[PDB]
Structures are given as C-alpha cells and as structure tokens.
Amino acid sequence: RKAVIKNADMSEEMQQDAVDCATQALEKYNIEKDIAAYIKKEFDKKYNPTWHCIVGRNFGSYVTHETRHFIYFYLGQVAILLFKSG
C-alpha cells in the first residue's frame, strides 16, 4: 500500500506525518470512522485544533481550510482527506 498524494497544501514534513499517521491508523482500525478519528485526534495533538478527517473509497467534498493545512491522498485503495479549519 503506497501513498498517492492527489492534492496538498501542506508543510512537506506535515504531509509526511499525515501519510504516516494514516498507515498506522490502517493497522489499528478497520472501520473508516475509527481510522479518521485516529488521525484527527493525532493532529489536534501534534498540531492544534481544529482538524477534520474523512476516510473512505466513495465520496467527494467541498470544504474550506486554513492556508498550508490541507491534504488529500490515497493509501492504496482508500482515500484520506485531512484539513484544519480551526
């Protein structure tokens, strides 16, 4: 399961953290709600409120984010969207 980054507006590092915190979440948790919950909680930890996470295969979105704090990427089959709107 390699990551594709589809759209980012994110600190290159932060981008990695995210990609990391996702691979982990996907070990821990099988249900999407959990996975997204893991990664949200993480980032509110590492970086401040207020992050929102979406995970699935089948969805689109229209959303507003703080500059530099948005990322959207596959982890093989599964799509992860993560942003702060604080």
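The first residue of the sequence shown is number 1, and the count goes up from there.
Visitor: Comparing 37-45 with 56-64, which stretch shows the greater average C-alpha B-factor in the deposited entry?
Guide: The entry gives the higher C-alpha B-factor average to 37-45.
Visitor: Using only the Cα atoms and their B-factors as the entry lists them, report which of 47-55 and 28-36 averages higher.
Guide: For C-alpha atoms only, the mean B-factor is higher in 47-55.
Visitor: When the modelled residues of the chain are sorted by Cα temperature factor, does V4 land in the lowest, middle or highest third?
Guide: Highest third of the chain for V4's C-alpha B-factor.
Visitor: Check where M10 lands among this chain's C-alpha B-factors and tell me if it's the lowest, middle or highest third.
Guide: Tercile = highest for this residue's CA B-factor.
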